[PDB]
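Protein chains in written order, with the entry's author numbering: chain G, 2 to 284; chain F, 353 to 471; chain D, 232 to 471; chain A, 253 to 501; chain C, 378 to 501. Note that CB positions come from ideal geometry on N, CA and C, so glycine has one too. Inspection log for the structure reproduced underneath, given as structure tokens.
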């Protein structure tokens with residue numbers, strides 16, 4: 002093509018590559034803090050699990066964890082998605098997984114409903130008209146417990162009110178800086194655990210019902226927050242990896258364009274010299 | 353000679369739609385190369401999905417080429433060409449593997465080739 | 232025409248204007264005639280004597296002790312690239328360049344003058360005034376920051392980054408639209424009468440818009456209106 | 253035995269004039285119609301500048317040839333020839349000039365082969381750190397559009413680069429003595445200047461020169477006499493004494 | 378109407394490039410997308426179809442005033458053709474006034490006919 006076209010194309014690719022590099026740097030920076038936030042939150046959930054594995058009292062009267070298995074009514078699905086794109090297969094994986102699984106598991110909208118976190122999830126469930134009832138958007142890039150508690154209290158109360166009697170949630174899991182996996186994990190109506198009897202002291206009066214309603218909603222809240230932190234870490238890792246790949250592709254394209262530009266240069270110089278000499282040879 | 357009053361209204365419409373989809377694919381391929389397929393819009397994803405199949409289906413196995421490869425040639429009438437391309441554009445074969453559209457004659461050959469394959 | 236101007240500046244010492252429209256045609260005609268004259272060709276097919284041919288004309292337009300000629304003369308840039316020898320050689324002779332730019336003209340932003348490429352050695356603090364110099368450099372700076380946002384918002388979006396983005400973007404585009412003035416000549420294309428704004432009013436209105444006296448005013452009020460009072464009047468009319 | 257400084261305001265115009273003259277004399281044309289000995293023309297010119305040995309008169313002649321490029325086309329015939337001939341180059345960038353870098357000297361594309369022995373020890377002791385800092389800041393300048401990087405050390409690079417740029421800026425027709433350049437570069441490199449606002453650094457350097465004229469005669473005389481940095485502790489004492497009085501605005 | 382149409386199309390041109398990646402585009406600025414698409418569909422015609430200036434300007438007025446922004450982008454061409462037929466059916470006075478005075482007729486009189494065609498028009 003023309004030298005001007007090739008040069009402009011090279012410059013545009015260069016600027017896009019630099020912007021993608023900056024985006025990778027900022028994504029890695031945000032990961033550098035999401036990881037430490039998750040690690041700092043881990044001991045709180047450790048404590049809540051330690052407390053939970055005494056309140057069970059074997060076959061207790063708690064309505065939530067005793068595997069009620071009442072006739073299933075409007076199974077609840079919770080999805081954790083990003084507010085912004087440019088993350089590769091992060092959102093597509095979780096949305097395709099939820100869609101493929103719910104299509105096989107259930108048949109009619111009276112048998113399921115959706116809880117949505119993130120802009121892409123709600124936009125998808127709107128354009129494909131699905132029964133979503135509760136959602137939230139534009140969560141801050143490093144969330145705390147207070148931000149999500151407002152929605153999660155209502156989500157747990159929804160099961161408390163004899164609705165959403167079967168509940169599942171989907172979120173990408175931070176397996177590694179390179180690999181992120183989309184897990185499906187059961188929630189409070191299907192509660193199961195392993196630890197045997199122990200002893201501890203935190204409102205440790207043996208009053209079963211009182212400690213029960215003190216703990217179990219807060220346990221669900223803590224588990225939701227931990228899963229959310231995991232999902233955010235996964236989002237940051239996916240974004241940084243995708244931007245690295247974008248920079249690599251841009252570099253390869255720039256290399257090929259430079260080859261084409263050099264060949265065009267030598268062709269143009271040859272043409273100009275030939276024309277000058279031919280014009281001079283006349284007179 | 354590609355005019356509506358010469359080749360037929362349906363022929364003209366099908367040809368124009370095919371060219372439009374191919375032009376859109378050629379426009380999008382730069383973004384596809386630079387930052388991958390992930391960030392395409394849903395409509396653009398379907399446009400690429402049909403554009404690759406159309407581009408493969410434009411191929412054909414000739415009678416002359418029967419010496420390079422064992423596959424015999426094929427003769428495709430205009431009516432069958434138009435019907436096949438209209439069926440592809442209307443979404444009847446969106447589930448087929450895209451390699452089943454390569455070097456085949458009429459449209460039924462695509463279905464039988466795909467059934468012979470892992471489908 | 233230059234001889235007629237020279238008579239006035241020499242015989243009577245007046246201050247004379249000399250408007251030459253598309254001086255590029257002069258060198259183009261020289262290039263056309265050189266080949267037929269029998270001279271050997273030059274780099275891009277121009278004449279060998281391009282530089283001296285331009286210089287003999289240009290160096291006669293100079294101020295003397297008795298009089299002074301000033302000349303406003305347009306340049307045609309072939310293919311919209313400033314690397315061609317004909318527009319390249321004329322740069323050395325100019326004291327002030329007003330670079331009209333496409334992709335500014337494409338939005339209909341007349342007179343399409345680029346606040347970035349426009350340069351003049353007359354812009355010095357001790358000649359134009361300290362406040363004028365400060366305002367000019369400040370508006371150049373705030374317009375500089377905006378262009379860099381364009382790429383990052385092309386790949387992300389306007390609202391993606393918020394680091395003082397509202398303030399900086401507002402400051403940038405309100406001045407950028409304010410630079411476009413309705414011309415008296417522009418009646419032939421729009422009917423709307425033009426306006427004349429002096430330098431004191433210009434710098435004062437720019438001080439106001441820079442400090443934020445009119446931060447809430449609409450963008451289209453800045454476009455093609457002239458003085459700041461005219462801006463606020465038309466904004467009140469359109470914006471109730 | 254004297255020393256001469258020669259500046260050619262434009263080599264490209266000499267090249268154009270010689271090309272026109274050769275073409276009018278009907279000599280065979282060449283690449284861009286330039287005559288066959290255009291390189292020899294400029295080699296004859298720029299090779300006459302030299303530093304004479306001791307056995308001859310110990311004089312010298314130094315040259316600063318100028319080249320004018322169109323739209324930054326540093327791949328053209330005459331610019332490439334002159335770059336090949338000359339012992340160095342400095343590249344002034346109009347974009348940097350417009351963005352506020354007044355000397356506009358791009359430290360990336362500017363090289364000097366003689367650089368080194370062509371300096372005094374005081375400046376050699378501090379030049380490498382500044383060069384390294386500016387080179388590191390070059391890449392980081394592409395990240396400043398993002399509001400914050402979550403580690404201070406990387407943002408420290410941005411801050412130090414901005415302070416470097418503000419230090420290196422200068423006005424017309426006011427050259428600075430090399431000792432007063434050495435002192436301010438030392439102040440920048442040792443972190444004394446790192447706590448000062450960017451808009452205030454430019455005023456700070458002039459106030460520092462005034463404070464030097466007040467109470468640094470011994471330091472300036474020592475630098476002038478020995479071409480070497482003064483006592484590091486005494487210099488730090490003087491700089492902190494000035495910072496005790498300069499006020500942030 | 379030429380100036381407003383030109384400015385609207387010119388403004389619509391740029392944001393299409395940014396529309397391929399961002400989802401946070403304002404709903405009010407999505408009206409710009411809709412109007413730009415309507416204009417682009419309006420500015421097409423087939424081979425060998427000369428259109429008189431009066432019917433040429435009536436549809437431009439309807440488009441620039443937003444009288445068809447409620448019709449989907451798919452049906453704009455049928456809107457155009459059936460609108461010309463409706464104008465030939467009823468708009469004789471409008472066409473004659475435009476052809477005679479070279480000026481736009483009273484906005485009320487034409488807007489009534491435009492609204493009548495709007496309520497008559499079926500959408501596929």
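Report the option in the options whose CA atom is closest to the CA atom of residue i.
i	options	result
residue 428 of chain F	F:438, F:459, F:463, F:445	F:459
residue 348 of chain D	D:341, D:240, D:387, D:331	D:331
residue 425 of chain A	A:443, A:355, A:297	A:355
residue 493 of chain C	C:390, C:466, C:481	C:466
residue 391 of chain C	C:459, C:473, C:410	C:410
residue 410 of chain D	D:416, D:242, D:437	D:437
residue 113 of chain G	G:73, G:7, G:28, G:163	G:73
residue 397 of chain A	G:22, G:7, G:5	G:22
residue 496 of chain C	C:383, C:480, C:454, C:448	C:448
residue 307 of chain D	D:271, D:369, D:321	D:321
residue 363 of chain D	D:293, D:385, D:295, D:434	D:434
residue 480 of chain A	A:468, A:460, A:309, A:377	A:377
residue 149 of chain G	G:159, G:158, G:137, G:160	G:137
residue 445 of chain D	D:405, D:366, D:396	D:405
residue 109 of chain G	G:14, G:233, G:76	G:76
residue 52 of chain G	G:269, G:263, G:213, G:282	G:213
residue 299 of chain A	A:319, A:442, A:313	A:313
residue 406 of chain A	A:415, A:292, A:395	A:395
residue 259 of chain D	D:443, D:245, D:279	D:279
Mind reading off the beta-carbon distance from residue i to residue j? Whole number of angstroms is fine, and I expect it under 8 Å.
i	j	result
residue 491 of chain A	residue 434 of chain A	Actually they are not in contact, since the Cβ atoms of residue 491 of chain A and residue 434 of chain A sit about 13 Å apart, beyond 8 Å.
residue 363 of chain A	residue 341 of chain A	6 Å
residue 303 of chain D	residue 250 of chain D	5 Å
residue 281 of chain A	residue 275 of chain A	7 Å
residue 471 of chain C	residue 487 of chain C	6 Å
residue 454 of chain C	residue 418 of chain C	6 Å
residue 413 of chain D	residue 456 of chain D	6 Å
residue 448 of chain F	residue 369 of chain F	Actually they are not in contact, since the Cβ atoms of residue 448 of chain F and residue 369 of chain F sit about 19 Å apart, beyond 8 Å.
residue 305 of chain D	residue 313 of chain D	Not quite, the Cβ-Cβ distance comes to about 14 Å (not below 8 Å), so this is no contact.
residue 230 of chain G	residue 39 of chain G	4 Å
Along chain C, in chain order, which residues have C-beta atoms closer than 8 Å to that of residue i?
i	result
residue 86 of chain G	398, 400
residue 391 of chain F	398
List, in order along the chain, the chain G residues whose C-beta lies closer than 8 Å to that of residue i?
i	result
residue 396 of chain F	Correct list: empty, because the minimum Cβ distance to chain G is about 13 Å.
Which residues in chain A have a C-beta closer than 7 Å to the C-beta of residue i? List them in chain order.
i	result
residue 233 of chain G	Here the premise fails: no neighbours, minimum Cβ distance about 14 Å.
residue 274 of chain G	283
What residues from chain D crowd round residue i, counting only those whose CB sits closer than 7 Å?
i	result
residue 284 of chain G	269
Output, in chain order, the set of chain D residues within a Cβ distance shorter than 9 Å of residue i.
i	result
residue 440 of chain C	Result: empty, since nearest Cβ-Cβ is about 19 Å, beyond 9 Å.
Taking Cβ-Cβ distances shorter than 7 Å, what residues in chain G pair up with residue i?
i	result
residue 281 of chain A	277, 278, 281
residue 272 of chain D	277, 280, 281
Name the chain C residues that come within less than 7 Å of residue i, Cβ to Cβ?
i	result
residue 120 of chain G	400
- Task: Residues of the region 13–27 of chain G with a CB closer than 7 Å to any CB of chain F: list them in chain order, please.
- Result: 17
- Of the residues that make up the region 122–148 of chain G, which ones have a beta carbon closer than 9 Å to any beta carbon in chain C? 124
- Query: According to a CB-to-CB cut-off of less than 8 Å, which residues of the region 345–357 of chain A neighbour chain D?
  - Reply: 350, 351, 352
- Task: Scan the region 38–59 of chain G for residues whose Cβ lies nearer than 7 Å to a Cβ of chain A and list them as they occur along the chain.
- Result: none
- Task: Report the residue ranges of all alpha helix (DSSP H) runs contained in full by the region 78–121 of chain G; include only those spanning at least 4 residues, in chain order.
- Result: 91–106
- Message: At 4 residues or longer, what runs of the alpha helix (DSSP H) sit wholly inside the region 429–459 of chain A?
- Response: 430–441
- Contact list for the region 285–303 of chain A against chain D, Cβ threshold 8 Å: 285
- Query: Mind pulling the alpha helix (DSSP H) runs of 4 or more residues that sit fully within the region 314–356 of chain D?
  - Reply: 316–320
- Mind listing, in chain order, the continuous beta strand (DSSP E) runs of no fewer than 3 residues lying wholly within the region 173–217 of chain G? 182–187
- Item | Contact set between the region 373–391 of chain D and chain C, restricted to residues whose Cβ is under 9 Å from the partner | 384, 385, 386, 387, 388, 389, 390, 391
- Task: Write down every uninterrupted run of the alpha helix (DSSP H) in the region 116–151 of chain G whose length is 4 residues or greater and which is fully enclosed by it, in chain order.
- Result: 120–128
- Item | Members of the region 331–346 of chain D that neighbour chain C once the beta carbon cut-off is set at 8 Å | 337, 338, 339
- Query: Can you give, in chain order, each stretch of the beta strand (DSSP E) that sits fully within the region 352–439 of chain A and has at least 3 residues?
  - Reply: 357–364
- Item | Residues of the region 321–333 of chain A with Cβ closer than 9 Å to any Cβ of chain D, in chain order | 322, 323, 325
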